[PDB]
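Presented as structure tokens, the chain that follows is alone, the form deposited in one PDB entry.
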């Protein structure tokens, strides 16, 4: 019963969410101050200007039949029948400036298409409405949501927010808007933590309940809101009750409205919102601010709008009529243009230009309506003129940013968006443009005020440490686990790690492998150094015995050579092992063995036996023909358990050394039964005892087969022990005779 009707040659219908959707009991609730009245006056402002100028339908006066949708599709369909009552076969509306809600526009488009009434819809961004095979009389001055979904996944990719949660309003704007976003999120490798839907249906969860589900997954600290204006207002309220806090990535449903966050700015602080690219209509705000509840009689809802805006009473709102000041008026202090005001004016002018071009075609003789337009053809108006319209946007400077009002082949606008940030200015909140999106996002990250004073991170799992690997479970991208690889495996990639080569450390960066260092007994071996001094001390004792003198002299020379060789071999064996000098250590054992053979040969005329005694020993075969070992190469000793432990192992296993030296160890048995021959009796007893000590030492080294570093000292101990026996026993008769008896 409440409507706007203005007489005119051609009448344009208009659907505006003038009053916000009511509760369950009341179909129509409070008034929509920004998105229901400013837009309504924008249509009225455009129609006044269209009739004012003489270049757009000068001979035709444009009338209006504007209704209210109450933000409900069912209510919108109820009112929309007035546009079609006179159109039955039996005001003859030429066109309809479509609804401001995707559900409302879709509902009314399904009806108007039957009667061939073209519909231009500002602010309706559902991607379903671009299906021209179903809505064949529908065009919009705003882009679809197929582009807004791109502008979100790009923002969620610029900041590596790969683990996000989605909340979407029920209907067509939210269901299809979030359906395209999850498609654009999959391409950019973004994982949806959880997807929820809110609305007034019984299936939908409560706003507190959906808030809990967002909090259940604390890793995803950003949520994307493809929600309507009322749901966005209420969801932020539900986050105030729980006192939660997220980073809000919002759509044009939220947009750049201060009223959504009114009172709950604490949780909505640092929000990222995607408003369509638009500019204020400067001529419009002059028209709007001049309005008063006394002259705007043509607008029925304006009287109620005046009361609600200023919280005063015109006649009986506060049981009286004195609260509303007579001098009070709309000004820049309390008024800010709705973002989609240009898209309403362009929508109205698109209809006028379509008729104006058609009028110049069907009625060229007269500027007024001719007989061809007594009955109007909707299909001709839409397909030929409206769908191919092209003009400079009125009331906008021709700076190129205003661009054109052209529709594309789908009857849609250009996909350009702005990015806003909710910031606090000394206790006052506002939206600041922090980027845009024409085809690639360009964000001014330095000016963004974040919710927690730092760039939010929304990742399913934390990055893995350099010592840690990760793997992809089937169907997941953003979620992994951090398994630390064992200190011997190495990382070819973060996806898999496996062992290096034997005796090969996996470097420090762990992405490569390098051979483990070889270990050998250095000069730090005090015990080995101490035996070396003892071996040198034994040589000094032999030299003292030699210095004392000056039977046969062959025994003295042979005994001296063996003892010195045994002492010298200990120092040589304690040196740094090498593959070239591997045979020297093997030869070192033979040098002591040759000395032992000489003692047996000497103990067993006299001048002749000396030549056959040393020669009989073999002389170690001239050191195996001047000698590099029995095994041509020296092996790096590596255990199955690496543990950063590698030993230098010569080719010889230290097993055949008991054969070459064992030749001189068998003559002691023949001297075991030897007796008398005095004073040669004492010499034989010492030699037998000396051979006994050598046998015990050999089993000790054989027992210590493992622990080469420890077993290495066994050879030094055996070498020192052998020298003591040879020097103590063989040199003992000389010490007790030459030194013991001063006669010599």
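What we label the rigid core is the largest C-alpha set whose atoms superpose within 1.5 Å from one form to the other. Positions refer to the first chain, counted from 1.
The same protein also exists as the form deposited in another entry; that form is not shown, yet it is the one meant from here on.
J.: Which of these moves by 2 angstroms or more at the C-alpha between this form and the one not shown, core superposed: 283, 259, 116, 645?
T.: The answer here is 645.
J.: Given a superposition on the rigid core, I'd like a yes or no on whether residue 391 shifts its C-alpha by 2 Å or more between this form and the one not shown.
T.: Shift at residue 391: below 2 Å after core fit.
J.: Does residue 730 move appreciably between this form and the one not shown, meaning a CA displacement of 2 Å or more on the superposed rigid core?
T.: Yes, its C-alpha moves 2 Å or more.
J.: Aligning on the rigid core, do we see the C-alpha of residue 248 shift 2 angstroms or more between this form and the one not shown?
T.: False for residue 248: its C-alpha shift is below 2 Å.
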